[PDB]
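Visitor: I'd like to ask some things about the structure below.
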Amino acid sequence: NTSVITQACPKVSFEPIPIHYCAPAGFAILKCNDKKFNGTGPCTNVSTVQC
Amino acid sequence: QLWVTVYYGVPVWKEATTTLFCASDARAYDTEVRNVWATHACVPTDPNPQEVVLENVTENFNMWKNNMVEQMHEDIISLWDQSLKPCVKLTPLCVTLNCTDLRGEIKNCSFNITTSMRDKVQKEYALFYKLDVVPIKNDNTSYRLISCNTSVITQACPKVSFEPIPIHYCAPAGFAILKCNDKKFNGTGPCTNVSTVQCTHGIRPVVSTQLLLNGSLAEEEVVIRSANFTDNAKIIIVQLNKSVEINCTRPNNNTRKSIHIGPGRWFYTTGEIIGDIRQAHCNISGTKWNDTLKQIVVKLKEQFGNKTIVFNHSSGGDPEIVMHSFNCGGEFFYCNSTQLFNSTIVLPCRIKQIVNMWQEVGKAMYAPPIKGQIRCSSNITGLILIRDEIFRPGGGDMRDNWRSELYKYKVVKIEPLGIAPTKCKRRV
Amino acid sequence: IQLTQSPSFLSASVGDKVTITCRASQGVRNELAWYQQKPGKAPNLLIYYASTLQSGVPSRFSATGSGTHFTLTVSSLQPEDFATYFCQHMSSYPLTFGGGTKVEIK
Amino acid sequence: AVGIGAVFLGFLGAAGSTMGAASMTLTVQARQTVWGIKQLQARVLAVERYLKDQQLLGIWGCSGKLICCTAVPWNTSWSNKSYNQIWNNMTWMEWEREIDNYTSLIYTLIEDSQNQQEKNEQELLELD
Amino acid sequence: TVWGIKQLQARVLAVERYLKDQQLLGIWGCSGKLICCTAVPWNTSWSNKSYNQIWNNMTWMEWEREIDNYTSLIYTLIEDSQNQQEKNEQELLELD
Amino acid sequence: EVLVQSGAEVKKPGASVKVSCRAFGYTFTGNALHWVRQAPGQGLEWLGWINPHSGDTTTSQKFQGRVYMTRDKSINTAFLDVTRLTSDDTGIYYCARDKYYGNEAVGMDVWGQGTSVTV
Ligand SMILES: *[C@@H]1O[C@H](CO)[C@@H](O[C@@H]2O[C@H](CO)[C@@H](O[C@@H]3O[C@H](CO[C@H]4O[C@H](CO)[C@@H](O)[C@H](O)[C@@H]4O)[C@@H](O)[C@H](O[C@H]4O[C@H](CO)[C@@H](O)[C@H](O)[C@@H]4O)[C@@H]3O)[C@H](O)[C@H]2NC(C)=O)[C@H](O)[C@H]1NC(C)=O
Ligand SMILES: *[C@@H]1O[C@H](CO)[C@@H](O[C@@H]2O[C@H](CO)[C@@H](O[C@@H]3O[C@H](CO[C@H]4O[C@H](CO)[C@@H](O)[C@H](O)[C@@H]4O)[C@@H](O)[C@H](O[C@H]4O[C@H](CO)[C@@H](O)[C@H](O)[C@@H]4O)[C@@H]3O)[C@H](O)[C@H]2NC(C)=O)[C@H](O)[C@H]1NC(C)=O
Ligand SMILES: *[C@@H]1O[C@H](CO)[C@@H](O[C@@H]2O[C@H](CO)[C@@H](O[C@@H]3O[C@H](CO[C@H]4O[C@H](CO)[C@@H](O)[C@H](O)[C@@H]4O)[C@@H](O)[C@H](O)[C@@H]3O)[C@H](O)[C@H]2NC(C)=O)[C@H](O)[C@H]1NC(C)=O
Ligand SMILES: *[C@@H]1O[C@H](CO)[C@@H](O[C@@H]2O[C@H](CO)[C@@H](O[C@@H]3O[C@H](CO)[C@@H](O)[C@H](O)[C@@H]3O)[C@H](O)[C@H]2NC(C)=O)[C@H](O)[C@H]1NC(C)=O
Ligand SMILES: *[C@@H]1O[C@H](CO)[C@@H](O[C@@H]2O[C@H](CO)[C@@H](O[C@@H]3O[C@H](CO)[C@@H](O)[C@H](O)[C@@H]3O)[C@H](O)[C@H]2NC(C)=O)[C@H](O)[C@H]1NC(C)=O
Ligand SMILES: *[C@@H]1O[C@H](CO)[C@@H](O[C@@H]2O[C@H](CO)[C@@H](O)[C@H](O)[C@H]2NC(C)=O)[C@H](O)[C@H]1NC(C)=O
Ligand SMILES: *[C@@H]1O[C@H](CO)[C@@H](O[C@@H]2O[C@H](CO)[C@@H](O)[C@H](O)[C@H]2NC(C)=O)[C@H](O)[C@H]1NC(C)=O
Ligand SMILES: *[C@@H]1O[C@H](CO)[C@@H](O)[C@H](O)[C@H]1NC(C)=O
Ligand SMILES: *[C@@H]1O[C@H](CO)[C@@H](O)[C@H](O)[C@H]1NC(C)=O
Ligand SMILES: *[C@@H]1O[C@H](CO)[C@@H](O)[C@H](O)[C@H]1NC(C)=O
């Protein structure tokens, strides 16, 4: 009584494949490599990651 | 001997057509919750826009060749249609109506709903306007919706707004907008007071017939523009220097019923009226209207004759052409507007829920019932006139109303690279 | 700039010919501006570079002379011209104006 | 004669001053769903216009120059007006329109008669 | 689909960033140069630190932030006070 | 293109007055402004001028250290700042614009209405 439900097409998969996310040119990702770092605040062991 | 030298950054341009983009005020970004035109998908305006007056630049303008009107034509229609894509089809609701009068502009109709709740059927009733439905000739008790045999009508999603927010249109880099600032300039020809604009002011996407409203008053006199003032195939656009106040209402505190016609599907319909039945109507200051109209004639007679009788009652076309119309509070009023022209003021208005974006092909949108009463007011700022020297109100489409504002601007492309002869030869 | 002007009481009738003389010890060559002023109003320019008539200024106004000696001529004096007149000298500065002369009623 | 001026208007359309005077503000000009489609096309067009001018300046060896002189002489058949008649008595808006039809001609001449030829001569000289 | 949009926008942004720097270097006449000197003197009101204090005792990340508010000022000065003026003077000299 | 000045003032000798002039209808920074005064019974006295773009000024020798000009382009307004007022400073203070063709004074066709200062 609220909405439409469909049956997924039999030819379907949701296997959780580990897809990587990459930055575009002009951008970079900085990673915190401090194993004791909590959710916020400064991190000194920092490295540059493109993806 | 003069030599070829290249100069870059030369302050010249050629007329050109490009796409203008929207720019929002501040609030529109977060009006996405209801408003179709005042979208979130729009950058802000310049909080401090600049304008440069040019000393010796004179250019030809032609409002009837202003292509910005086509962009607005298409954009409003497209955006309006996009907002209706997920909305409810009223196709199965056209099956039957057994009607009597409301206890006959409004009918009290009962109806038989076809299999609804999976294996069940049901009967309901609702109130309908005579402008949305028609009788069956051999019954005179049974009714159908008018547009049913041509196309699909959907009920706008309840979370919708058409508030006419004054969105600005801006030129892309490499382009500029030239504005004519000559207060006495007609629709075409040269203009000497010209300035450079990167982005225009905001223009409200007002939808109306037989009325220019809520903006752009004339420079202390009535200003009239036309493609010719000669050819009967052309129309006249009238700008007023002072607005005329109009107060409109539909004083019926209505409610609405949500009718479910199957699990997962429903629509709203007009329910009972709280209180008595009041006629929709609009109050126009008579003196202001007619004092202004006398002044309109003073300007109009310049082209049509000093003792010429002008401005008769509305005539010609179907009821949506003949009657004046607007969305008061979002409600659609069709007013006779003959009192205003009963001599060469409160008007009755009718209500209709099936509407077009000016004019649709086949399809239409249904305006969901509005709970409570309607109250609004507005600024009458101009007229569109029909040639017969009797003039009558009305004519045109959205582009005539868009043009009535866009006439101030034209788009050009900057052409900075050029050459000239010099006395200086290249050295090697 | 070291400017001597015509006697201030330059009486004339309407349609008459009245002239204003501005003769300085210092030359400006042509860098002289002719102005017309009414009581209670800012002065306004008539003629620039000692000879170019400003658009909007009536054709009855013209000026001649060079170097140090310039004359403003009103060839058909009208009621609206019973104003004071000034010269401003631009060879150097301060760009002061002369004392001014006035056209009087004959 | 008192030097009062050196002020900024903005835009400076080529009507307000002569070609000579206009050349004093080349840096001024230099400084100057469906929504996605419009944002995109607008940005694409801006890029295209920018690059077209740079491509021409690039091939001519005039990149980075507001003004650059070439190895090609002016032909009076393009215009037989004197330097004064062009630079002091006309603005760019009117003047350029008179030689609009020679644009591709001249642009071509300033490429081959100048850089292809100049660079080959210099490369050879530099091998010594 | 959406992937195309992302591929597109990513490429557009890269182009925009590249060109913005080139546009500034272009107008300044610093195109092709890692380092270019201008005709505009340093004003101590922007920074009154000595050459040594800036170049040997600071890194760029800290230092630039101190004059961030003068960026448009300086960029403008190095355009008009340098190239518009220099090029007009040289063009005239070259007509002789 | 018009010039709009502020109001009138009454000051005692030793005082100072500041008279504004707004650039309506034209680019503020695109045309240098002059200041001219006219004391009762007097002709037109030049005080100086200011460049609205650069802030550059020139003043009459009579007022060195006494008459100053300033500007604030964010409001398109130029100002005349006059100190050491004395009784000779009673008069109408006007703002005006020249053509500056070639960046040299030509003559001034645009004038503000003038304000009065009584001292
Ligand atoms: C020409 O210009 C006039 C005005 O100059 C326009 O008419 C007005 O248009 C606005 C916007 O459409 C109308 O605003 C509506 O006001 C209703 C009542 O406001 C009072 O009560 C609220 C309660 O919180 C107070 O906040 C407010 O200050 C007032 O006290 C609102 O109820 C309306 O809200 C609607 O949308 C929300 C969104 O979820 C719904 O929940 C509401 O139920 C409702 O649907 C809205 O805010 C205003 O009333 C109009 N009339 C007047 C007299 O101002 C013309 O439309 C305009 N015409 C054209 C063609 O441009
Ligand atoms: C809009 O378009 C118009 C088109 O004409 C431009 O017009 C310009 O007008 C200004 C002045 O109104 C011209 O500039 C000046 O021209 C003078 C030439 O001479 C006159 O005066 C003598 C005096 O006896 C007469 O004999 C002679 O016949 C002329 O009447 C110059 O003397 C001026 O001084 C400058 O030039 C001279 C010579 O170069 C130098 O001696 C001075 O040092 C100083 O440099 C001055 O040049 C201007 O030439 C006109 N332009 C053109 C193309 O003709 C408008 O300016 C234009 N823009 C605006 C904003 O309106
Ligand atoms: C080309 O178009 C330009 C843009 O419209 C023209 O400039 C306009 O020129 C008129 C000339 O009269 C000006 O009108 C005057 O404005 C003053 C303003 O003061 C009042 O309003 C301000 C607003 O904040 C307020 O603060 C003041 O206290 C006043 O209330 C009025 O006082 C005058 O009565 C008169 O209206 C326009 O203002 C001016 N426009 C701008 C943007 O300044 C230009 O002249 C045109 N050129 C040609 C050749 O036509
Ligand atoms: C329809 O006509 C009415 C009446 O003229 C318009 O109302 C007026 O709108 C202006 C908008 O600026 C109001 O100005 C106000 O001035 C004060 C001054 O300090 C300022 O603080 C406010 O923010 C605002 O600017 C004006 O007062 C108002 N008049 C009345 C009587 O309320 C109305 O806007 C017109 N509608 C349209 C769509 O044009
Ligand atoms: C347009 O103008 C008309 C009149 O020119 C307005 O009509 C007014 O409507 C109200 C409400 O229906 C009437 O109020 C009634 O007054 C009597 C007085 O004793 C009272 O007994 C009733 O209970 C009720 O309060 C009012 O009299 C009526 N005016 C006239 C002259 O009949 C109309 O409301 C205006 N419409 C708009 C949109 O402003
Ligand atoms: C649905 O069919 C009816 C008739 O069966 C159409 O009614 C006609 O409407 C036009 C409109 O001007 C009239 O001129 C005709 O006389 C009407 N027909 C009859 C028999 O009276 C109706 O228009 C059709 N609906 C749509 C949306 O086209
Ligand atoms: C504006 O009115 C003029 C009036 O003459 C129009 O001229 C038309 O010219 C053709 C030429 O043979 C005639 O056959 C038409 O009858 C004329 N029209 C009229 C109304 O008499 C001109 O075309 C009109 N321009 C616009 C924009 O309509
Ligand atoms: C409509 O209502 C009347 C009321 O008596 C009834 O007789 C008639 O059969 C109804 N028609 C339909 C189609 O239900
Ligand atoms: C506008 O006025 C000019 C004045 O000469 C006239 O030539 C032109 O035809 C007019 N255009 C319209 C549409 O009225
Ligand atoms: C509309 O209502 C307002 C309410 O104050 C009133 O001032 C205005 O005059 C009314 N307009 C008309 C046309 O009656």
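In the structure tokens, each chain is lettered A, B, ... as it comes, each chain's residues begin at 1, and ligands are numbered from 1 in order of appearance.
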Pull out every residue of chain D sitting within 12 Å of chain C, counting only C-alpha atoms, and send them as a list in words.
Guide: residues 1, 2, 3 and 4 of chain D
Visitor: Mind dumping the selected residues with N, CA and C atoms as a tab-separated table (two decimals), in the first residue's frame?
Guide:
```
chain	number	residue	atom	x	y	z
D	1	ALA	N	46.44	72.02	-19.89
D	1	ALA	CA	47.71	71.40	-20.19
D	1	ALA	C	48.20	70.72	-18.94
D	2	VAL	N	47.40	70.85	-17.90
D	2	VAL	CA	47.73	70.27	-16.62
D	2	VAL	C	47.32	68.81	-16.73
D	3	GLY	N	48.27	67.93	-16.45
D	3	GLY	CA	48.13	66.48	-16.63
D	3	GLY	C	47.21	65.75	-15.67
D	4	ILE	N	45.94	66.04	-15.79
D	4	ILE	CA	44.93	65.42	-14.96
D	4	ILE	C	44.25	64.29	-15.72
```
Visitor: Write out as a PyMOL selection string every residue belonging to chain D that has an atom at most 8 Å from any atom of chain E, counting only C-alpha atoms.
Guide: chain D and resi 24-27+30+63-67
Visitor: Would you save the residues of that selection, restricted to C-alpha atoms, as a JSON list (two decimals), in the first residue's frame?
Guide:
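What landed in result05.json:
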```
[["chain", "number", "residue", "atom", "x", "y", "z"],
["D", 24, "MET", "CA", 46.48, 51.81, -24.10],
["D", 25, "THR", "CA", 44.02, 49.34, -22.53],
["D", 26, "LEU", "CA", 44.90, 45.96, -24.05],
["D", 27, "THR", "CA", 45.43, 44.52, -20.58],
["D", 30, "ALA", "CA", 42.67, 40.74, -21.65],
["D", 63, "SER", "CA", 52.42, 34.43, -27.38],
["D", 64, "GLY", "CA", 52.86, 36.55, -24.27],
["D", 65, "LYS", "CA", 52.81, 39.76, -26.27],
["D", 66, "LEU", "CA", 50.09, 42.38, -26.20],
["D", 67, "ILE", "CA", 51.64, 43.73, -29.37]]
```
Visitor: Distance cut-off 9 Å, counting only C-alpha atoms - which residues of chain E neighbour chain A? Return them as a list in words.
Guide: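 Listing them in order of chain and number gives residues 10, 11, 13, 14, 15, 17 and 18 of chain E.
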Visitor: What parts of stretch 39-96 of chain E does DSSP call alpha helix (DSSP H)? I'd like the answer as a PyMOL selection string.
Guide: chain E and resi 51-55+60-64+71-79+85-93
Visitor: Just write the chosen residues, N, CA and C atoms, as a JSON list (two decimals), in the first residue's frame.
Guide:
```
[["chain", "number", "residue", "atom", "x", "y", "z"],
["E", 51, "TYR", "N", 64.78, 39.55, 3.49],
["E", 51, "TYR", "CA", 64.94, 38.47, 2.53],
["E", 51, "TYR", "C", 65.25, 37.17, 3.26],
["E", 52, "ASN", "N", 66.22, 37.21, 4.18],
["E", 52, "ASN", "CA", 66.60, 36.03, 4.95],
["E", 52, "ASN", "C", 65.46, 35.45, 5.77],
["E", 53, "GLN", "N", 64.71, 36.32, 6.42],
["E", 53, "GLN", "CA", 63.60, 35.85, 7.23],
["E", 53, "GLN", "C", 62.56, 35.12, 6.40],
["E", 54, "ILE", "N", 62.37, 35.54, 5.15],
["E", 54, "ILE", "CA", 61.40, 34.90, 4.30],
["E", 54, "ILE", "C", 61.93, 33.64, 3.64],
["E", 55, "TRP", "N", 63.08, 33.75, 3.00],
["E", 55, "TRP", "CA", 63.61, 32.65, 2.21],
["E", 55, "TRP", "C", 64.34, 31.52, 2.92],
["E", 60, "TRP", "N", 57.21, 27.75, 2.06],
["E", 60, "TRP", "CA", 56.13, 28.41, 1.33],
["E", 60, "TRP", "C", 54.77, 28.22, 1.98],
["E", 61, "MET", "N", 54.50, 27.06, 2.59],
["E", 61, "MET", "CA", 53.16, 26.86, 3.11],
["E", 61, "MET", "C", 52.77, 27.88, 4.16],
["E", 62, "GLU", "N", 53.71, 28.24, 5.01],
["E", 62, "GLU", "CA", 53.42, 29.20, 6.04],
["E", 62, "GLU", "C", 53.49, 30.60, 5.53],
["E", 63, "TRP", "N", 54.51, 30.88, 4.75],
["E", 63, "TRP", "CA", 54.73, 32.22, 4.31],
["E", 63, "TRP", "C", 53.65, 32.78, 3.41],
["E", 64, "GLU", "N", 53.19, 32.03, 2.42],
["E", 64, "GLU", "CA", 52.23, 32.61, 1.49],
["E", 64, "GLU", "C", 50.95, 33.05, 2.17],
["E", 71, "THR", "N", 47.02, 39.22, -2.90],
["E", 71, "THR", "CA", 47.21, 38.55, -4.16],
["E", 71, "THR", "C", 46.67, 39.32, -5.35],
["E", 72, "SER", "N", 45.44, 39.84, -5.24],
["E", 72, "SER", "CA", 44.86, 40.53, -6.38],
["E", 72, "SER", "C", 45.52, 41.86, -6.62],
["E", 73, "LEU", "N", 46.01, 42.46, -5.55],
["E", 73, "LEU", "CA", 46.70, 43.71, -5.67],
["E", 73, "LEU", "C", 47.94, 43.59, -6.47],
["E", 74, "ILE", "N", 48.73, 42.62, -6.09],
["E", 74, "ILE", "CA", 50.01, 42.50, -6.70],
["E", 74, "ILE", "C", 49.84, 42.04, -8.11],
["E", 75, "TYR", "N", 48.96, 41.06, -8.32],
["E", 75, "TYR", "CA", 48.73, 40.53, -9.65],
["E", 75, "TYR", "C", 48.32, 41.65, -10.58],
["E", 76, "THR", "N", 47.49, 42.57, -10.11],
["E", 76, "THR", "CA", 47.09, 43.69, -10.95],
["E", 76, "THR", "C", 48.29, 44.60, -11.23],
["E", 77, "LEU", "N", 49.09, 44.90, -10.22],
["E", 77, "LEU", "CA", 50.19, 45.82, -10.44],
["E", 77, "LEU", "C", 51.18, 45.29, -11.45],
["E", 78, "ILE", "N", 51.47, 44.01, -11.38],
["E", 78, "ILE", "CA", 52.42, 43.41, -12.30],
["E", 78, "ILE", "C", 51.90, 43.30, -13.74],
["E", 79, "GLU", "N", 50.62, 43.61, -13.96],
["E", 79, "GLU", "CA", 50.07, 43.60, -15.30],
["E", 79, "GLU", "C", 50.16, 44.99, -15.92],
["E", 85, "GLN", "N", 52.45, 49.26, -19.67],
["E", 85, "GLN", "CA", 53.36, 50.37, -19.81],
["E", 85, "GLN", "C", 54.63, 50.05, -20.58],
["E", 86, "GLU", "N", 55.23, 48.88, -20.33],
["E", 86, "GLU", "CA", 56.47, 48.53, -20.99],
["E", 86, "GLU", "C", 56.26, 48.34, -22.45],
["E", 87, "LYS", "N", 55.16, 47.70, -22.82],
["E", 87, "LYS", "CA", 54.95, 47.43, -24.21],
["E", 87, "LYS", "C", 54.62, 48.69, -24.96],
["E", 88, "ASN", "N", 53.93, 49.65, -24.35],
["E", 88, "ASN", "CA", 53.66, 50.84, -25.13],
["E", 88, "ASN", "C", 54.95, 51.61, -25.33],
["E", 89, "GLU", "N", 55.82, 51.64, -24.31],
["E", 89, "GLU", "CA", 57.05, 52.38, -24.48],
["E", 89, "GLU", "C", 57.91, 51.75, -25.54],
["E", 90, "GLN", "N", 57.98, 50.42, -25.54],
["E", 90, "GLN", "CA", 58.82, 49.78, -26.52],
["E", 90, "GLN", "C", 58.22, 49.87, -27.90],
["E", 91, "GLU", "N", 56.90, 49.78, -28.04],
["E", 91, "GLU", "CA", 56.38, 49.87, -29.39],
["E", 91, "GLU", "C", 56.77, 51.18, -29.98],
["E", 92, "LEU", "N", 56.64, 52.27, -29.22],
["E", 92, "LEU", "CA", 56.96, 53.56, -29.78],
["E", 92, "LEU", "C", 58.42, 53.67, -30.15],
["E", 93, "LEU", "N", 59.30, 53.12, -29.33],
["E", 93, "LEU", "CA", 60.72, 53.17, -29.62],
["E", 93, "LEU", "C", 61.05, 52.41, -30.89]]
```
Visitor: Counting only C-alpha atoms, collect the residues of chain B whose closest atom lies at most 8 Å from chain A, and write them out as a PDB file with N, CA, C and O atoms, in the first residue's frame.
Guide:
```
ATOM      1  N   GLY B 262      -5.980   2.118  -5.184  1.00  0.00           N
ATOM      2  CA  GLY B 262      -5.230   0.896  -5.217  1.00  0.00           C
ATOM      3  C   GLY B 262      -4.125   1.054  -4.218  1.00  0.00           C
ATOM      4  O   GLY B 262      -3.794   2.181  -3.840  1.00  0.00           O
ATOM      5  N   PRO B 263      -3.537  -0.015  -3.721  1.00  0.00           N
ATOM      6  CA  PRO B 263      -2.493   0.089  -2.770  1.00  0.00           C
ATOM      7  C   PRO B 263      -1.350   0.779  -3.497  1.00  0.00           C
ATOM      8  O   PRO B 263      -1.029   0.387  -4.620  1.00  0.00           O
ATOM      9  N   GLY B 264      -0.738   1.787  -2.895  1.00  0.00           N
ATOM     10  CA  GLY B 264       0.414   2.423  -3.514  1.00  0.00           C
ATOM     11  C   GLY B 264       0.053   3.566  -4.460  1.00  0.00           C
ATOM     12  O   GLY B 264       0.941   4.247  -4.977  1.00  0.00           O
ATOM     13  N   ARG B 265      -1.237   3.790  -4.711  1.00  0.00           N
ATOM     14  CA  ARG B 265      -1.592   4.874  -5.608  1.00  0.00           C
ATOM     15  C   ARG B 265      -2.781   5.685  -5.109  1.00  0.00           C
ATOM     16  O   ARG B 265      -3.824   5.145  -4.724  1.00  0.00           O
TER      17      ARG B 265
END
```
Visitor: Which residues sit within 8 Å of ligand 2, counting only C-alpha atoms and all ligand atoms, listed as a list in words?
Guide: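 The distance check yields residues 55 and 56 of chain B; 30, 48, 49, 50, 51, 52 and 66 of chain C; 1, 15, 16, 17, 18, 88, 89, 90 and 91 of chain D; 99, 101, 102 and 104 of chain F.
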Visitor: Around ligand 8, which protein and nucleic acid residues have at least one atom no more than 7 Å from it, if we count only C-alpha atoms and all ligand atoms? List them as a list in words.
Guide: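 Going residue by residue within 7 Å of ligand 8, we get residues 98, 99, 141 and 142 of chain B.
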Visitor: List all protein, DNA and RNA residues that have any atom at most 9 Å from ligand 9, counting only C-alpha atoms and all ligand atoms, and write the list as a list in words.
Guide: residues 62, 63, 64, 185, 186, 187, 188, 189, 190, 225, 226, 227, 228 and 229 of chain B
Visitor: Could you give me, as JSON, numbers by chain, every polymer residue with an atom at most 12 Å away from an atom of ligand 1, counting only C-alpha atoms and all ligand atoms?
Guide: {"B": [30, 31, 32, 33, 34, 35, 158, 159, 160, 161, 162, 163, 164, 165, 166, 203, 204, 205, 206, 207, 208, 209, 211, 212, 213, 214, 215, 216, 243, 244, 245, 246, 247, 248, 249, 325, 326, 327, 328, 329, 330, 331, 332, 368, 369, 370, 371, 372, 373, 374, 375, 376, 377, 378, 379, 380, 381, 401]}
Visitor: Identify, counting only C-alpha atoms and all ligand atoms, the protein, DNA and RNA residues located within 12 Å of ligand 3, and give them as number ranges by chain.
Guide: B: 50-58, 179-185, 191-196, 219-220; F: 1-7, 21-28, 75-76, 110, 112-113
Visitor: Would you list the residues that come within 8 Å of ligand 6? Count only C-alpha atoms and all ligand atoms and give the answer as number ranges by chain.
Guide: B: 146-151, 362
Visitor: Please identify the residues whose atoms come within 7 Å of ligand 7, using only C-alpha atoms and all ligand atoms, and report them as a PyMOL selection string.
Guide: chain B and resi 227-228+230-234
Visitor: Restricted to N, CA, C and O atoms, what would the selected residues look like written as a CSV table (one decimal), in the first residue's frame?
Guide:
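The result, written out as out-v2.csv:
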```
chain,number,residue,atom,x,y,z
B,227,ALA,N,5.6,46.5,-33.1
B,227,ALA,CA,6.4,46.2,-34.3
B,227,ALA,C,6.1,47.2,-35.3
B,227,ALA,O,6.9,47.5,-36.2
B,228,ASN,N,4.9,47.8,-35.4
B,228,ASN,CA,4.5,48.7,-36.4
B,228,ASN,C,3.5,49.8,-36.0
B,228,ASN,O,3.5,50.8,-36.7
B,230,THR,N,0.8,49.8,-37.2
B,230,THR,CA,0.2,50.1,-38.5
B,230,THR,C,-0.5,48.8,-39.0
B,230,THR,O,-1.7,48.8,-39.1
B,231,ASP,N,0.3,47.8,-39.2
B,231,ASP,CA,-0.2,46.5,-39.6
B,231,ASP,C,-1.1,45.8,-38.6
B,231,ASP,O,-0.7,45.8,-37.4
B,232,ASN,N,-2.3,45.4,-39.0
B,232,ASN,CA,-3.2,44.8,-38.1
B,232,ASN,C,-2.8,43.4,-37.7
B,232,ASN,O,-3.4,42.8,-36.7
B,233,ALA,N,-1.7,42.9,-38.3
B,233,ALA,CA,-1.1,41.6,-37.9
B,233,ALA,C,-0.2,41.7,-36.8
B,233,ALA,O,0.3,40.7,-36.3
B,234,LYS,N,0.1,42.9,-36.3
B,234,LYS,CA,1.0,43.1,-35.2
B,234,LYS,C,0.3,43.5,-34.0
B,234,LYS,O,-0.9,43.9,-34.0
```
